[PDB]
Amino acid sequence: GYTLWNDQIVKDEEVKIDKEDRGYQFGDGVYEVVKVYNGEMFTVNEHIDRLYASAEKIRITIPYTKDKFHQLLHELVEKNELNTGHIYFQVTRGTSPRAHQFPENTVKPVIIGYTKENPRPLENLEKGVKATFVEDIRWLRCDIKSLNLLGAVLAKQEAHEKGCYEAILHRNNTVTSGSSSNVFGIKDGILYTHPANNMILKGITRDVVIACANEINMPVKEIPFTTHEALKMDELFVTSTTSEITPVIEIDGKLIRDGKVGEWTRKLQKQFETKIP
């Protein structure tokens, strides 16, 4: 298909990544994932705003405006005739002889974006998935959606090896987030999720879900909970652009309540549906 390369759309075949691209030697870059429903991009403005925020946090200056970035994305979707799936795009500090410190400002960031056809996770959304607890060994700037993802890779692999969908991470016995999703817990009709600080990535789906809770008049409390408290929640689920609202019905052999998707998770899934294009 076609790939967004810097400021132009070209056939995948024309893209050339240098061995000294800082994204390849230091994971020095940021990224975003946007879901596309039947040709329509979901919350694209919010994801673009976060790409710029992430880049700002590590001092990368994206060579062009958000408006232009949005236009390039539209083109990318049209040229690939993407129906339902997602757009992946990243920005690295650029190509320069290997050195940890920033290169001369005359070095242009490298932008890469492409699409992938991917249906909504129907089965998971209806039946829920299994998860496992994994100690959070990530760096202390999880608020940045960066390419330094080795911690997430090791966590997800451990989960997959155990036949689990996601790994629920914990730092000092406190549940932070999944390897690539935010975690929510419901207890006595109240929604709980770890607050948005450097310990987690402030997900767009996470913000949408919180808005949905307010819409159905459900109390929301952003205070963290421990692994012990998590196993005692009435309901539990994770969120991400591609997982939407996926119920977690069991963790390491221990069923969450009765092992079925709860009524509040269902109500939130219904409210979320009204938001989809």
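Residue numbers here begin at 1 and follow the sequence given.
For the two regions 200-208 and 121-129, the entry's Cα B-factors average higher over 121-129. Look at the mean CA B-factor for 28-36 and for 245-253 in the entry; the higher one is 245-253. Between the residues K57, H228, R50, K68, it is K68 that shows the highest Cα B-factor in the PDB record.
Comparing the listed residues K156, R141, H74, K116, the entry records the largest Cα B-factor for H74. When all modelled residues of the chain are sorted by CA temperature factor, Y165 is found within the middle third. Annotation for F102: C-alpha temperature factor in the highest third relative to the rest of the modelled chain, per the entry. Ranked by Cα temperature factor within the chain, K19 sits in the lowest third according to the deposited record. For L147, the recorded CA B-factor ranks within the lowest third of the chain. Only modelled residues enter the ranking. For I190, the recorded CA B-factor ranks within the highest third of the chain. Only modelled residues enter the ranking.
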